[PDB]
Structure formats: structure tokens, C-alpha cells
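Taking it in order: structure first as C-alpha cells, then the write-up.
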Amino acid sequence: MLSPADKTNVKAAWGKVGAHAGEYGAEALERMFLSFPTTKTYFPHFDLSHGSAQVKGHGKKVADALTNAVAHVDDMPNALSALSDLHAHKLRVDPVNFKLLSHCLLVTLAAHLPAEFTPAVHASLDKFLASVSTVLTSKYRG
Amino acid sequence: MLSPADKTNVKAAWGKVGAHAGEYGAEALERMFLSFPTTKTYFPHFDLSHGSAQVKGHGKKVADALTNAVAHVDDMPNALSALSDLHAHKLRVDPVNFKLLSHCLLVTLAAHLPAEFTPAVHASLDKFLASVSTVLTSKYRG
Amino acid sequence: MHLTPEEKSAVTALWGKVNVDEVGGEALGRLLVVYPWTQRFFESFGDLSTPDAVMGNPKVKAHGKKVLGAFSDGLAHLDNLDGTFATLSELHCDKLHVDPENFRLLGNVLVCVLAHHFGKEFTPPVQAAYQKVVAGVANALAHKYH
Amino acid sequence: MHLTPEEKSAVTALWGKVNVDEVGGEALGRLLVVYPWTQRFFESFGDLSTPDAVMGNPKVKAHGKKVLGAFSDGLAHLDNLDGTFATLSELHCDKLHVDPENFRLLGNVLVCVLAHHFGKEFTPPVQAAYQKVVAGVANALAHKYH
Ligand code: HEM
Ligand code: HEM
Ligand code: HEM
Ligand code: HEM
């Protein structure tokens, strides 16, 4: 359950992220690759070094998908349907890895939004990313 | 996603369980308490020894809740809404424990339904219990 | 991990009845069927498109036989699983990068297979002993992550 | 767990700047807020009804100080975390029966708190070193389950 206050908290934190969204998505990916190196095996055709244009470009895609979820928060299964097909059917992403990226997204937000990352907003963002992760793994066993 | 074939598989396995449903629920609880002893701390007012009338009575409740989910498989969040409030708000059941009981339910079905526990039906039952578990933990962070 | 004498008795008595040419393939096949993302690691095995294709795939059966051999090797060394599995840990962790949650899943699938094959004989106390075994194997296989 | 010299450098340099009277309470409080089932273990702490009630609860702050002390004790003994945490493992595992997934959650919350406090200084390589630390602590605290 994303409560009304959760949706308000998530919209507000994302609003403050502003046009850094893509840079932040790229940073979250880099944190994941360094912190949880098992995740790098999904990107063998990527150069994952710092400053990589491929990680930067992909971080923008991740952020745009999250922004689509924020904008359609009451309808995320439909909004994310094509992406859940991709991650489950084509890429075979292990469900455990969505918890890893979700954590690295929270860390990135905390490192960039010192006023906004209150405990209440941390909780709301955590529920939001868990909801996104539930949709993206739902074509396995949901 | 519970597919049409999943719902068919789950209805058929549950149909074969028949009126053993309550006995099987009690057995699954006993398997959980012996296999994963951390789970016993939720039942301090229960005697959890073999043959306990409290475990037998509770297994019947568990089975009736699962049967309600089978009968309303396309509407499980609504069917299980009161139960999800109980487990999250009142009992504070750790989400990890639903995976433990789900496994012990699968083990119980496998030990009792040798013809029905095909790989296809095992997969379907696993998705069904993961869907039930997702609803029952959804009042935390879903 | 430490099994009590009663637990070791329950485990070893059941295991002597296991068909070691089949039960490993059944467990690996069901892992690929029930948790489909694990197929990522077995692209070279060929047809995994349906449950029947997976369960009757000869490479799944042959590789499952190797997996069960490792479980058997663990059973002979319950009080020292880390040394037994060091080579397999370096393989699965350092080289394959299999997330260790999947070691737990495969252990639980094997438990389901034993319950399917042995029925009432796979009692809740027998299951509890096997859960300690498969947890110890999964922890040993993950030791290179720790 | 083994940290490289560069990892140990990143960890120890940041940790010397940590306010040890506050950061533990922040991490414990956020754990209780973000993962509400953990409140099951803290009934005696009183008012946990709102985030503000949790974060300003004096028992949460005082107990969080003890938790951070254990992390600090782990940092001094990185190459031997099991012995350091044996007593805490028996407490959390044998007596409290806390599921070990929550050790991982609290470690990750602490990482979020360090990122919040240190901002850009909490670089991705610094985070990666801390992830190895909190994983080693969580594994050591769980050792009595293994
Ligand atoms: C918040 C969670 C996630 C979001 C929002 C997300 C979003 C996306 C998007 C938008 C794309 C590109 C889609 C397209 O170009 O059509 C993508 C691709 C991809 N994702 Fe994710 N994803 C998430 C989690 C993950 C995780 C956890 C992994 C693996 C550890 C992963 C692995 C991949 C891979 C391998 C690709 C393909 C890259 C390529 O081949 O170019 N994703 N994701
Ligand atoms: C398939 C998953 C589950 C189902 C269908 C289920 C169902 C139920 C039902 C129907 C009740 C009684 C409701 C009532 O009397 O109003 C109940 C109570 C309870 N459940 Fe579950 N449950 C599940 C998972 C769990 C787990 C994993 C735990 C803890 C490890 C748990 C702990 C409890 C407790 C402590 C009670 C209260 C018992 C009492 O005080 O009498 N449940 N559950
Ligand atoms: C208890 C858990 C497991 C055990 C005991 C086990 C055991 C084994 C054994 C004995 C081999 C043969 C190694 C050799 O030929 O020298 C092997 C290979 C392999 N395993 Fe597992 N395994 C387990 C879990 C997993 C899981 C969950 C996956 C993937 C989801 C996996 C992926 C692989 C792969 C891809 C190979 C082939 C490596 C190669 O030939 O290059 N393993 N495993
Ligand atoms: C890295 C993870 C953790 C560390 C380092 C840690 C550390 C500690 C320490 C140092 C104490 C004080 C023990 C004493 O007074 O001698 C304690 C007590 C306690 N911990 Fe934790 N803890 C962790 C995780 C958890 C979690 C996740 C929970 C519950 C969700 C928990 C529940 C408790 C409880 C209930 C006590 C009070 C025990 C008592 O006074 O009887 N711990 N812990």
C-alpha cells in the first residue's frame, strides 16, 4: 500500500531531484556495480568504469522509467508492463537484484537531498521502490 | 502474474487436497516450527508439540484462508485484506517468514499428492503462495 | 553445521534410499522451471522452453547428477562443509557470480523432491534435519562471498 | 571479511568523523520507521506511533548508541568478526530469534544514514567499502544460525 502521504512524499522528493534525475540514475547504477559486483554480469557489453557514457545513458533510462512510475503511481503495473516483460522474459534478472538497485537509489537520494531525506520520506521512497520492484519481477511468479 | 494455466493447476491441486485441507495446514505449520524455529516466537501462547489441538485448529484457519484465496484468485488483495491488516499491523510478522511457511506448504502438498505435484503444478502452486504472501505483507511497504 | 545424532540418523537413513542418478536432475529441472531466471546460467543446455523440455533435457539430468554428488559429499563431511565446498564456492561465486539466494532455493527444491518421492516417510522431523543440511551446504557454497 | 588497504582507508577516515552519540540512534530509529515489523522487538521502548515519536524516543537513541558501539568494535577487528560478535550472536539468534535478514536491513539503513550525513563525501567507492563492512557484521551476528 502506497498511502496518500507516501505518494505526496515521493512526488516531492522526485520534484526536488529535478533535472538531475538522469545523473542520479547513473550514480545509483555505479554504486550498485561497485557495491554488489554480481550485478555487473548483466552488462558485459557495457564499460562500467567511472564516466562511462553507456552507464550515463542507461541511468537516464532508469530515471525516466522511475519518473513514469511516479507519474502513474496508482497504475504502476500497467505503466511498467513492457519493462517487466523485458527484465523477466528477456534479461532474466534475478529478483534479489532489484533490492540491490533500490538500496543504491535510496543511497544516491540521501547523498544528494539532505533536507528531503527525512525518515518519513525515506520510508515512502522505500515503499515506492519496493512497489516498482514488485511490478518488475511480477512476470516470474507474481 | 497467475496465468490461466496456473489458476487451473492450483484449483486442481486444491481440489485433490479435498477435506484434508485443515490437516495439511496443521502439518505445514508443524514443519515450519521444527524446520525454522525462529517462527515459534509468534505463538508463545500455543503449545507447539505434535498433536496439539491449537496447531490443529490453527492449521484449519490457515487452510480456509488459502481456500478463500483459491476461490477468489482474481481478487486476492480484496479477499485477503483483513488478514493482511492482522499480520502486518497487529502481529508484525516479518515478511521473510511467509517464504518459510510457503515452502512448508509446498513440502506438505508434495508429501501428500504424488501424482499431482508435477513440475508444472509445483511452479503454479509456488506462484500462488508467493501471490498470497505478497498480499499478506502488502500493508508494510507494498 | 551440527546435526544431532537423531538428525544425522534421519538424514543418512533416507539418503541411502535416494536414486542418485535421478533425484539431482529432478531438483535441477524443477529449479529451472519454478525459478525461471536460473535458466540464465544454462543457455548451453539447449531446449528449456517448457517444463517437459526441461525435465527431459539430457544435459539437465547429467548436470543434476553432479549437483547431487556434491550434496552427498557434504553429507559425509557435515562437521566441515567449508573445506569440502571451497572449490565449488570459487566457481559459483568468483567465476559464475550466482547470487547465493539461489543456493537456498535449490536446497529447498531438493527438499520438495525428497518429500515428493518419500511421502509420509519424509516426516516433519526428517524435513527439519534436511533443512539444516541444505542450509549448511548453501552457506558453504556462499563462503567466498563472506 | 577482507578489506583492501584502500577500502580500510575509506572506512576508517569516514568513521572518525561520525558522531557516535547520534548516528546509531538515527539508524535504529529509521529501521523501526522503514521496516515496521522490527518494532516487535522493542515493545518496552514506549511511544513508537509516528516517525517523530520514534526518532525522538530517548530509549531508541540510547539503544542506538550501543548498536553503533558494536559496529565500531567490528571496525577494529575486521579480519576477525566472528569472535567479536559471538556474544551478540547468541543474544540475537538463540535468545531473541531475530531473523538474520534484519541484520542486513539495519546495516543498509546505517549506510543510508552515512550517505545522508556525508553527502558527496560518501562516494560510490566509499559506499562499496562500507557495504563489505555491514555484510561482514551481519554475517558474524548470524553465525549462531549457521
Ligand atoms: C528500479 C529498478 C529498475 C528499473 C526502473 C529499470 C529500468 C530499465 C530500463 C528503462 C531499461 C531500458 C529499456 C529499453 O531500453 O527498452 C533497462 C534495461 C536493462 N536493465 Fe533495468 N531496471 C531496473 C532494475 C534492473 C536490475 C536490478 C538489473 C540487473 C542487475 C537490470 C538489468 C538491465 C539490463 C541488463 C538491461 C539491458 C541493458 C542493455 O542491454 O542495453 N535492471 N532497465
Ligand atoms: C500462507 C500464509 C498465511 C496464511 C494464509 C495465514 C492465515 C492466518 C489466519 C486465517 C489466521 C487467523 C485469523 C483470525 O483468527 O482472525 C492467522 C493468525 C496468525 N498468524 Fe497467520 N497466516 C499466514 C502466514 C503466517 C506467518 C508466516 C506467521 C508467523 C511466522 C503467522 C503468524 C500468525 C499468528 C501469530 C497468528 C495469531 C495466532 C493467535 O494468536 O491465535 N502467519 N493466520
Ligand atoms: C546447493 C547448490 C549447488 C550445488 C551443490 C552445485 C554444484 C555444482 C557442481 C558439482 C558443478 C560441477 C562443477 C564441475 O564440473 O567441476 C556445478 C556447476 C555449475 N553450477 Fe552449480 N551448484 C549449486 C547451485 C547452483 C545454482 C543455483 C546455479 C545457477 C542458478 C548454478 C550454476 C552452475 C553452473 C552454470 C555450472 C557450470 C559451470 C561450468 O561447467 O563452467 N549452481 N554446480
Ligand atoms: C548489525 C545489526 C545489529 C547490531 C550490531 C546489534 C547490536 C546490539 C547490541 C550491542 C545490543 C546490546 C546488548 C547488551 O545490552 O548487552 C543489542 C540488543 C538488542 N538488539 Fe540488536 N543489534 C543488531 C540488529 C538487531 C535487530 C535487526 C533487531 C530487531 C529487529 C535487534 C534486537 C535487539 C534487542 C531486542 C535487543 C535488546 C536485548 C535485551 O536487552 O534483552 N538487534 N543489539
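Every residue, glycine as well, gets a Cβ built from its backbone with ideal geometry; the counts of neighbours run over all protein chains shown. Coordinate-derived values only; no laboratory data.
Return yes or no: is B:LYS11 of a type outside the set (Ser, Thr, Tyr) and farther than 23 Å from C:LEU3 by Cβ? Even if it seems obvious, please write down each step before you answer.
On the way: of a type outside the set (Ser, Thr, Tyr): yes; farther than 23 Å from C:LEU3 by Cβ: yes.
Yes: the conditions hold for B:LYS11.
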(message) For segment D:125-146: of the residues being over 20 Å from A:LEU125 (Cα atoms), in contact with a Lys or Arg (Cβ under 8 Å, 6 or more places away or on another chain) and away from ligand 4 (no atom under 16 Å from the Cβ), which is nearest to the other protein chains (Cβ to nearest Cβ)?
(response) D:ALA128
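Residue by residue, here is whether (1) within 14 Å of another protein chain (Cβ to nearest Cβ); (2) away from ligand 1 (no atom under 12 Å from the Cβ) holds:
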{"residue": "A:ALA13", "(1), (2)": "yes, yes"}
{"residue": "A:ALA21", "(1), (2)": "no, no"}
{"residue": "A:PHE33", "(1), (2)": "yes, no"}
{"residue": "A:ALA63", "(1), (2)": "no, no"}
{"residue": "A:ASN78", "(1), (2)": "yes, yes"}
(message) Testing C:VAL98 on (1) more than 16 Å from ligand 1 (Cβ to nearest atom); (2) hydrophobic (A, V, I, L, M, F, W, C); (3) in contact with a helix residue (DSSP H, G or I) (Cβ under 6 Å, 6 or more places away or on another chain), one condition comes back false. Which one is that?
(response) (1)
(request) Just one of (1) in contact with a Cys (Cβ under 6 Å, 6 or more places away or on another chain); (2) outside any helix (DSSP H, G or I) trips up C:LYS144, so point out which. (result) (2)
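Only one of B:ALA88, B:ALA69 is away from chain C (no Cβ under 14 Å), in contact with a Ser or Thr (Cβ under 9 Å, 6 or more places away or on another chain), more than 21 Å from B:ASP126 (Cβ to Cβ) and assigned to a helix (DSSP H, G or I); which?
Working: B:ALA69 fails: more than 21 Å from B:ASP126 (Cβ to Cβ).
None of the other options fit; the residue is B:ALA88.
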(message) It is to be established whether one or more residues within segment A:73-84 are buried (at least 23 other Cβ atoms within 10 Å of the Cβ), among the aliphatic types (A, V, I, L, M), away from ligand 4 (no atom under 16 Å from the Cβ) and in a helix (DSSP H, G or I).
(response) no
(message) Quick check on my filter: what residues within segment C:1-19 are hydroxyl-bearing (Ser, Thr, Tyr) and in a helix (DSSP H, G or I)?
(response) C:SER9, C:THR12
(request) State all residues of segment C:52-98 that are outside any helix (DSSP H, G or I), closer than 18 Å to C:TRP37 by Cβ and out of contact with any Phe, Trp or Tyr (no Cβ under 9 Å at 6 or more places or on another chain); if no residue qualifies, say none. (result) C:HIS97
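Could you count how many residues in segment C:20-48 are over 13 Å from the mean Cα position of the chain (by Cα), outside any helix (DSSP H, G or I) and touching a residue at least 40 places away in the same chain (Cβ under 8 Å)? Full working, then the answer.
First, the residues of segment C:20-48 that are over 13 Å from the mean Cα position of the chain (by Cα): C:21, C:33-48.
Checking which are outside any helix (DSSP H, G or I) leaves us with C:21, C:35, C:46-48.
In the following step, the residues that additionally are touching a residue at least 40 places away in the same chain (Cβ under 8 Å) were identified as C:21, C:35.
Adding up the residues that qualify gives 2.
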(request) Could you please find all residues in segment D:88-122 being free of Cβ contacts under 8 Å to residues at least 60 places away in the same chain and β-branched (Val, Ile, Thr)? (result) D:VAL98, D:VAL111
(message) Every residue in segment D:30-42 that is farther than 19 Å from A:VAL107 by Cβ and away from ligand 2 (no atom under 15 Å from the Cβ), please.
(response) D:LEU32, D:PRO36, D:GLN39, D:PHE42
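Residue by residue, here is whether (1) within 19 Å of B:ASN78 (Cβ to Cβ); (2) at the interface with chain C (Cβ under 10 Å from one of its Cβ atoms); (3) buried (at least 23 other Cβ atoms within 10 Å of the Cβ) holds:
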| position | (1), (2), (3) |
| --- | --- |
| B:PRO95 | no, no, no |
| B:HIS103 | no, yes, yes |
| B:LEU113 | no, yes, no |
| B:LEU125 | no, yes, yes |
(request) Can you confirm whether segment A:114-125 contains a residue that is within 12 Å of ligand 1 (Cβ to nearest atom) and either aromatic (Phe, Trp, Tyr) or part of a helix (DSSP H, G or I) (or both)? (result) yes
(message) So B:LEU100 ticks every box in (1) in contact (Cβ under 8 Å) with a residue 60 or more places away in the chain; (2) closer than 30 Å to C:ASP52 by Cβ; (3) assigned to a helix (DSSP H, G or I) but one. Which box is left unticked?
(response) (2)
